[PDB]
Amino acid sequence: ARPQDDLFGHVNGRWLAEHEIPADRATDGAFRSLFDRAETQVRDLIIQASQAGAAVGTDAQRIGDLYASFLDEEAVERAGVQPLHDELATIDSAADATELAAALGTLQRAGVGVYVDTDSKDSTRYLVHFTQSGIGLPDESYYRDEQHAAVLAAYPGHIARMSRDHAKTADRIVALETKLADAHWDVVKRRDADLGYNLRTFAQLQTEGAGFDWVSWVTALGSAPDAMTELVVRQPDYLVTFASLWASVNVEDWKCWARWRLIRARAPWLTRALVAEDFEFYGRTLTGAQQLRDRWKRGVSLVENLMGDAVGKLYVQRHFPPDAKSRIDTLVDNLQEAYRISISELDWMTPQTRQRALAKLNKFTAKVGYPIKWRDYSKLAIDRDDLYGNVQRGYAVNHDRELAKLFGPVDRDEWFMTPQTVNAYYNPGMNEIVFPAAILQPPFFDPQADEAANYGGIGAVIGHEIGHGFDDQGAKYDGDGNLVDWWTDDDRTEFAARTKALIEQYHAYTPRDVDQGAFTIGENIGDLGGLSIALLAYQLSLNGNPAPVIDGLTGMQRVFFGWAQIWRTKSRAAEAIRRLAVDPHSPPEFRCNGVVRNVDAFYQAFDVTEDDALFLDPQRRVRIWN
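With the entry's author numbering applied, the sequence shown covers 18 to 129, 134 to 183, 192 to 544, 553 to 663.
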């Protein structure tokens, strides 16, 4: 109706007046439309790779003609057991624990965690992360959820296939996964990954698991044994077991599972007789997804783990002109700065908090803008027609790519987490932030349209990563990663005394027509927290100049328009409105005009009157950052 009242009723429902919704998924919108053009065009690149007549001359062209593997599946059927039987013969030759652990470590290189992260007090401990997980099923819980076992009505039928060896597989194959479905910790603990921190030496990891070689395995995993001596063990309650399984679970008890796991490690694109057999376990019986994936889903569904930072270099070259880099170089130099200067005209902070809130912003960073460094992939060699051992080696250094990044630093522009995702997170330990360019793609960011709308809608969602990067919880962390509220509670209480309305407001609103974790307002502090700076660093980007006053609509009025169109998201929200309390987060549908109320930069911008609906009276507004 009226933009200041509902921009997303003024603009955004018309997509929802017309748009489909997927029968297989039943959700589509902001992120998923960026998964769409992420997925819809990466196919076009390999099509362009295959369209080109690449005969010889580069080591990167049979990579881009690897897709001929998936074409003639009658061809790929003819190999079948023989490449596998080599992979069996690795295992069949592997007699002892050391022979197997060193055997499978190369298979593990061939690609059936880590982040380059120091302690944030030590600037140096860039190591790997080791927890417990081995369940073929979605989580360990399906063992102990004894009532959640009608789901197992035909599970051991569609997996025990590989006269009686299938039966003795069926004796074997149900027997251990229950024991793999035991030692592993609750999911939502991992969705706020908390107790992983045990900064171990690998001298500890050899001491950790009794009965398994944790090192010559790792040399078969291909890391630095001498030159990288430490890790982060997280949850070794299985890892100690696993080695004791490696002690006690015998090789024949391992083997036909390990072969079942090995074929699972190369499941989909192989001899066609057995590819639906795991799908009809997984697709039709574990998920009931009977849509046999069309090929353009399939061939795209593998390349990224095979090659992470490979397409994205020429992807932006084959999609985006050079116009978009100066947009970063002119914008975000101001945003990371002027967020400091937004602290200034806050006229009630504490000086020991204000100057502290200033001083934390000559030091702050951004993994945004053309990556300075890129991982080489042409010199990584992949056949046009071979696929199986072709991508073993293709995966083999995919382990050891990150090995080098144990030695290499965060150079601030290469995207450790992949460019082609739809992700965003601040590091409460390291105080880095991460923005893969799906959020920086259009329609979020047009690289050639007007600036302030392309500035507007994005910058508070950036600033909400800052604003939730600087929540009370973001404040409860330190710049060196220590857990401490520098933001002393006496303002937070007064700011809770200002934001008492924010505790209460969504309770006066209804998720569904009528005929519990709203105690947290977590998604909404930082968007007002981010819009605080969306309309300030612009002026630092102006250096006091006037924003582009075009069509009777200035940059600030256009910064409204940056947000006013860019939330068209459709679904059926019975489960969703029912799903809300698994974590106390908030949705976007209440968010999409919630920040009209307490802000004042919009009212002075748009001249809001003293009685309106999305007007809020100033004694219940909150001049946090305005």
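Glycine included, every Cβ here is placed at the ideal spot set by N, Cα and C.
Sequence-distant residues of the same chain with beta carbon closer than 8 angstroms to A232, five excluded per side: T258
For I562 and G492, believed in contact at Cβ under 8 angstroms, the rounded distance: No, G492 and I562 are not in contact; Cβ-Cβ is about 11 angstroms, not under 8 angstroms.
Cβ pair count under 8 angstroms reaching 3, the region 308–327 against the region 375–390: no
Alpha-carbon to alpha-carbon, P448 and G341: 7 angstroms
Endpoints, the beta strand (DSSP E) within which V262 is located: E259 to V262
Limits of the alpha helix (DSSP H) - the one that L234 falls within: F231 to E237
With 16 other Cβ atoms within 10 Å as the buried cut-off, status of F464: buried
Outcome for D53 when other beta-carbon atoms lying within 10 angstroms are tallied against a minimum of 16: exposed
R628 beta carbon less than 8 angstroms from that of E560: yes
Straight-line gap, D338 to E206 (C-alpha atoms, nearest Å): 34 angstroms
N-terminal and C-terminal residue of the alpha helix (DSSP H) that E612 is part of: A611 to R615
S252 classed as buried or exposed, judged by whether at least 16 other C-beta atoms fall within 10 angstroms: buried
Close beta carbons around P177, own chain, < 8 angstroms, minus the five adjacent residues each side: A199, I202 and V203
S110 (DSSP reduced to helix, strand or coil): helix
With 16 other Cβ atoms within 10 Å as the buried cut-off, status of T522: exposed
Own chain partners of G122 with C-beta closer than 6 angstroms, once the 5 adjacent residues on each side are dropped: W246, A249 and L250
Proximal residues to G418 (C-beta, below 7 angstroms), its chain only, five neighbours per side dropped: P100
Residues sharing a beta bridge with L512, DSSP: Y506
Separation of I487 from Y164, as counted between CA atoms: 44 angstroms
Simplified DSSP assignment, three categories, for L409: coil
Of the residues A66, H497 and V596, the one placed nearest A638, counting alpha carbons only: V596
Three-way DSSP call (helix, strand, coil) for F151 in this model: strand
Sheet register partners of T359 (DSSP bridge): For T359, which the question treats as bridged, DSSP gives no partner whatsoever.
Where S578 sits in the DSSP three-state scheme: helix
Nearest-angstrom Cβ-Cβ length linking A425 and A96, presumed shorter than 8 angstroms: Going by Cβ atoms, the distance from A425 to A96 rounds to 19 angstroms, so no, they are not a contact pair.
Limits of the unbroken alpha helix (DSSP H) element including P380: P380 to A388
Assumed close pair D282, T115 - CB separation to whole angstroms, cut-off 8 angstroms: Not quite, the Cβ-Cβ distance comes to about 18 angstroms (not below 8 angstroms), so this is no contact.
Straight-line gap, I357 to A171 (C-alpha atoms, nearest Å): 54 angstroms
Classification of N580 by the beta-carbon crowding that lies within 10 angstroms, buried from 16 upward: exposed
Segment limits, alpha helix (DSSP H) that includes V426: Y417 to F436
Residue environment, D41, which counts as buried when at least 16 other CB atoms sit within 10 Å: exposed
Beta carbon of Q235 nearer than 8 angstroms to that of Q153: no
Host alpha helix (DSSP H) of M593 (start-end): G592 to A601
Neighbourhood of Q125 by C-beta distance below 6 angstroms, restricted to the same chain and skipping five residues each side: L250
Where the alpha helix (DSSP H) through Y535 begins and ends: From DSSP, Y535 is part of no alpha helix (DSSP H); its letter is neither H nor E.
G225 versus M183, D211 and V262, residue with shortest Cα-Cα distance: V262
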